[PDB]
Amino acid sequence: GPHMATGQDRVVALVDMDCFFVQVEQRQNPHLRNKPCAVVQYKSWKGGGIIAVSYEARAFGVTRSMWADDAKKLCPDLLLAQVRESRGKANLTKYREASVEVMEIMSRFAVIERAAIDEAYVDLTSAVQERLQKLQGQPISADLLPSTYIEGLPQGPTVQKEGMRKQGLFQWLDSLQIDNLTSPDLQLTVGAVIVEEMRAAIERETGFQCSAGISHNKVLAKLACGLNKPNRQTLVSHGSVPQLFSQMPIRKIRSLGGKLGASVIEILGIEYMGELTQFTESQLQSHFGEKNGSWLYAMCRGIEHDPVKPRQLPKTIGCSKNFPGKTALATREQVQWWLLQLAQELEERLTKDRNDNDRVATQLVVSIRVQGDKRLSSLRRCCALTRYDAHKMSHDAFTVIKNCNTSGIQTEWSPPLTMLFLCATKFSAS
DNA sequence: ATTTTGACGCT
DNA sequence: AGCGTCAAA
Ligand SMILES: [Ca+2]
Ligand SMILES: [Mg+2]
Ligand SMILES: [Mg+2]
């Protein structure tokens, strides 16, 4: 009752760019705008692997991970943009730079946590308090929320999408208590007003559209974001959680899409997030561990305390290349040449990072995969990163992995290498 | 023969 | 430290 926390103490948004790499390429090449199109890496093997897909192309069934040759079977007029190749490998610089554009705009509004190349969490609690003080009891107009959905509405006693959106928004705003500055629902609504402004700023200043979720915590904000993509935002209130979770597959909640979620389903014999409420906290801890159990117990009630971390920059800078099938590296010269290629890209990126962000990486992580291992990485070794020099870094990586070559012949490498990975970590101020 | 990333937990 | 899990485009 009066002491039960309800996880309504914060306003958190999650902003996620729509079909991000596709929008970067469509900005650059107007011929691709408003077309079925996809972004592809490499071309010789089956036309290249698709990594991003416009919504027009998704209508034909094109998805990520599809070979372009296969996507063309579903969508013969599919347009393609290729990821840049430098030093023999795909190079994602253009997308990293576009990400910085968006992250810098979002940081004007609030502290952000960079969650991926195209998404960030925003802690809006303080901005909301400020805006409520500015508003001075003034009601919030639907015109301030032109792209907002209120999850769960309309309800109770138009057949077009925008009509339904407005009906739900009208029901929500008609029922708000705008004179109570401590009302969580009002706080979320002001949060959504701010996110409309942030999304408008992103589109105005970059050309890129995005979706967003607004709720009381990161997990619900992320879930909310996906409910009405693209180019829309969704408010998930605390009160919407029971109905929302009553038919929500467990795997849809962030962190439950893999083995742990599968085990929750198998061990407990349930399917939907809401079914978790019938277990005690101790029961959940007994199956999934102390941390996961407490997290599940609160999360299924819509409560999560994970903070929006103040971190706009990536914590690592890495470069990786697979060598599948017959292309596996089987000679020492090959291994050294590709380590050099990777180290040269890494050096370029590190030097730019040092100039932009006043920091230096101090550890180099080398990871490899040998033919015949189901795991992504077969071996990982670290060494000191003391100089931003590609030849030194490639030599040091070779030194730390050379003992993996079983082959009695110095010139031959066995078992062949199917992946090389260099990652700069452990940044210190500079 | 998706590939190329990036964060964080476990022991 | 090295390995594993989960998640982005
Ligand atoms: Ca996205
Ligand atoms: Mg994303
Ligand atoms: Mg995606």
Side-chain angles (χ1 to χ4, degrees), chain A residues 14 16-25 38-54 63-71 81-86 88-96 98-99 102 113-121 208 218-219 222 225-226 251-263 288-292 295 306 309 311 313-325 327-328 342 345-346 349 363 365-369 371 373 375 377-383 400 418-426:
Chain A
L14 184 276
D16 184 277
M17 307 307 295
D18 298 329
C19 52
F20 186 49
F21 288 13
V22 165
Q23 290 197 84
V24 177
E25 297 293 335
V39 172
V40 68
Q41 278 178 330
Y42 309 120
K43 211 78 187 75
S44 65
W45 186 270
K46 296 177 177 291
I50 292 172
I51 60 173
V53 185
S54 79
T63 66
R64 151 177 315 134
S65 86
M66 203 164 266
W67 298 116
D69 285 351
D70 293 334
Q82 292 182 250
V83 176
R84 173 182 178 177
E85 288 179 47
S86 304
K89 64 182 293 301
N91 185 293
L92 306 170
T93 300
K94 186 194 304 183
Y95 316 109
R96 291 193 185 97
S99 175
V102 172
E113 178 183 340
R114 180 198 198 271
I117 194 159
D118 87 320
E119 71 203 80
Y121 294 93
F208 303 143
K218 293 162 71 179
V219 163
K222 173 68 183 331
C225 184
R251 64 180 179 273
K252 302 299 184 178
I253 287 62
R254 196 199 77 190
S255 84
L256 301 181
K259 296 177 179 186
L260 171 64
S263 74
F288 312 112
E290 181 183 320
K291 187 170 172 273
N292 284 333
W295 183 87
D306 186 31
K309 296 183 176 49
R311 183 187 59 79
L313 304 170
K315 293 190 106 158
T316 57
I317 296 181
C319 300
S320 173
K321 187 153 193 304
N322 294 349
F323 303 95
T327 72
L342 291 180
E345 178 184 333
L346 185 59
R349 281 165 62 194
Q363 183 178 78
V365 174
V366 187
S367 177
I368 66 178
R369 194 190 172 153
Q371 199 155 17
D373 191 331
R375 306 171 296 168
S377 164
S378 297
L379 183 133
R380 272 213 184 202
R381 292 293 190 264
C382 61
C383 65
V400 305
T418 52
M419 182 184 178
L420 296 177
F421 184 17
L422 297 181
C423 186
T425 70
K426 297 193 184 310

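The basis for the numbers below is simple: all heavy atoms, side chains too, and nothing from hydrogens, waters or symmetry mates. Lettering of chains follows the sequences in order, A, B, ..., and the numbering in each one begins at 1.
Look at CD on A:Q82: it is 15 Å from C1' on B:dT2, rounded to the nearest Å. Atom CD1 in A:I50 sits about 13 Å away from atom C1' in C:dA9, given to the nearest Å. Distance, A:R381 CZ to C:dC3 P: 5 Å, rounded to whole Å.
With C:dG2, B:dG6, B:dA1 as the choices, the nucleotide that has an atom nearest any side-chain atom of A:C382 turns out to be C:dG2. The side chain of A:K222 lies closest to C:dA7, out of C:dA9, B:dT5, C:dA7. Candidate nucleotides B:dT5, B:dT2, C:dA8 were compared by shortest atom distance to the side chain of A:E119, and C:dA8 ranks first.
Aromatic stacking of A:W45 on B:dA1: satisfied, with centres closer than 5.5 Å and planes within an angle under 30 degrees.
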Kindly indicate, with the supporting measurements, whether the criterion side chain to side chain contact (heavy atoms under 4.5 Å, CB included) is fulfilled by A:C319 and A:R349. CA-CA 10 Å; A:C319 300; A:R349 281 165 62 194; 3.3 Å; yes
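A close approach under 4.0 Å does not occur between any side-chain nitrogen or oxygen of A:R375 and OP1 or OP2 of C:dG2. Close to B:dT3, at under 4.0 Å from its OP1 or OP2, lies no side-chain N or O of A:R64. Taking 4.0 angstrom as the limit, A:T316 places a side-chain polar atom (N or O) nearer than this to OP1 or OP2 of B:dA7. At B:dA7, none of the side-chain N or O atoms of A:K315 fall inside 4.0 Å of OP1 or OP2 (strictly under the cut-off).
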